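Have a look at the structure below before the remarks.
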Amino acid sequence: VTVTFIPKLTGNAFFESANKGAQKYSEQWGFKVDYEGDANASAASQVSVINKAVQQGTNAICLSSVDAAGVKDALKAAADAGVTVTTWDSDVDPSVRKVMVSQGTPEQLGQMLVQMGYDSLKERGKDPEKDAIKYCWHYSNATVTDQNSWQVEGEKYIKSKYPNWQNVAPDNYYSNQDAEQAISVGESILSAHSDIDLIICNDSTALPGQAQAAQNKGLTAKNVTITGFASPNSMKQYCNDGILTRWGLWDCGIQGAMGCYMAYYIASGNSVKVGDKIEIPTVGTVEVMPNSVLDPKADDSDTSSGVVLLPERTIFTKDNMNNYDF
Ligand SMILES: C[C@@]1(O)OC[C@H](O)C1(O)O
């Protein structure tokens, strides 16, 4: 069996680390993972990668989507060619994939982002419980499924728990997963909103780009609070240089491996339904959940379509970041 493992883009540390995990585990499990993507985060590029993998006779795809709508037709065609379709990281329409391996619910992840920001704000001498904290979100793009679901839940949480906070840029800032653009956009936020208190960077490119922008402006964690999601090796130097205090992620290597395992398990002829408990060798037992764990409006009618959730997420600071190497 070959699983084609497709990232939102290659050459970003989150996706490279996820593939390192998929490669390590699939070698032990006895199947091939073909890592295929593009340097740009582009739905049209992902369609081309999907089509080429189908044409080459891949048995399965495990995809993290930059835009669900833009890959729907290609994934329907993949399934009609006999290819098992799964997702990880950022989902698509659940009617066109079997299992999604997700890092957490949008409520969990949106609240985690806000809580990291709250903690870092308090540590630089603000009173986030009461202050009119000025903030905004900086991430990849306005349509991707994962990051927008977190923004929606994080905004609901802020408006409920911290009504005094002020979103100074409600349209959000977008840097398209382009490393150089994330720096430039990070600089734009700090120039146009120079008194901003918190920038929530729920994207693995926006977070290091925003930290670099702050460093370019001579700022440290004492001036402005930046938090978000990124693999820890990409942020250690910024943290050692005092640019930010705290950010988060989860075990993206095991996540990529799990997504590829689910694709292999189904492509090998095993049926998977919501409620099943599946023993993934050397990882543990997972439970397939209904699609509505990621969106309460999701249709749960098809029990062959479901979600596996990672059991934990990770908050990094200078005190634990050196325990990790990805
Ligand atoms: C790590 C992350 O926030 O940035 C890129 C990934 O797709 C992600 O999980 O959204």
Side-chain angles (χ1 to χ4, degrees), residues 1-41 45-46 49-50 52-53 58-66 84 86-91 99-104 109 140 144 146-147 177-179 182 202-209 228-239 247-265 267 280-284 286 308-316 320-326:
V1 176
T2 296
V3 179
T4 305
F5 183 50
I6 305 175
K8 288 184 183 173
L9 72 173
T10 57
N12 177 277
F14 178 83
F15 294 101
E16 295 301 316
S17 283
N19 181 54
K20 288 175 185 170
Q23 295 305 318
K24 178 185 103 59
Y25 282 90
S26 61
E27 290 274 342
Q28 292 308 302
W29 291 325
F31 66 89
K32 184 61 188 187
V33 172
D34 179 11
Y35 181 54
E36 295 296 339
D38 190 83
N40 299 283
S45 178
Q46 295 193 311
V49 172
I50 293 160
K52 178 174 181 163
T58 195
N59 305 109
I61 289 167
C62 184
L63 168 70
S64 176
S65 169
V66 303
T84 294
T86 63
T87 48
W88 72 293
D89 179 48
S90 187
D91 210 352
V99 172
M100 165 67 181
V101 180
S102 176
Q103 53 268 46
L109 291 160
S140 62
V144 65
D146 64 339
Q147 296 176 9
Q177 303 178 268
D178 183 287
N202 50 314
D203 170 74
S204 68
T205 310
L207 177 58
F229 290 149
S231 49
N233 285 0
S234 71
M235 302 300 299
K236 286 174 183 176
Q237 191 63 244
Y238 292 121
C239 186
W247 74 104
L249 204 77
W250 50 83
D251 185 341
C252 67
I254 211 166
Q255 184 187 10
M258 289 166 67
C260 290
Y261 188 87
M262 295 307 300
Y264 157 81
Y265 186 79
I280 301 181
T282 79
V283 173
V286 305
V308 170
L309 288 164
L310 291 188
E312 79 188 10
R313 294 130 292 280
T314 308
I315 297 167
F316 307 106
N320 66 348
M321 68 189 191
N322 296 312
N323 299 338
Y324 301 87
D325 183 18
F326 73 100

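Sequence positions, counted from 1, serve as the residue numbers for this chain.
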Would you say the side-chain atoms of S204 and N12 include a donor-acceptor pair closer than 3.5 Å?
yes

To the nearest 0.5 Å, atom CG of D203 lies from atom CG of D146 at 8.5 Å

For the residue pair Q255 / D251, report whether a side-chain donor-acceptor contact shorter than 3.5 Å exists.
no

Do any N or O atoms from the side chain of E16 and from the backbone of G11 form a donor-acceptor pair under 3.5 angstrom?
yes

Exactly one of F229, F316, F326 should register a ring-ring contact (aromatic ring centres under 6.0 Å, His included) with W250. Which one does?
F229

Side-chain H-bond candidate by donor/acceptor type, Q103 with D89, under 3.5 Å
yes

How far does OG1 of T4 sit from OH of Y35, to the nearest 0.5 angstrom?
13.0 Å

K236, NZ atom: more than 12 neighbouring heavy atoms under 6.0 Å:
yes

Backbone of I61 reached by a side-chain donor or acceptor of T86 within 3.5 Å
yes

Answer with yes or no whether the side chains of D34 and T2 bring together a donor and an acceptor at under 3.5 Å.
no

Correct closest heavy-atom pair for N19 and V33 would be OD1-CG1, 4.3 Å

Within the distance-only criterion (no hydrogens, no angle test), does the side chain of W88 pair as donor or acceptor with the backbone N or O of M258 below 3.5 angstrom?
no

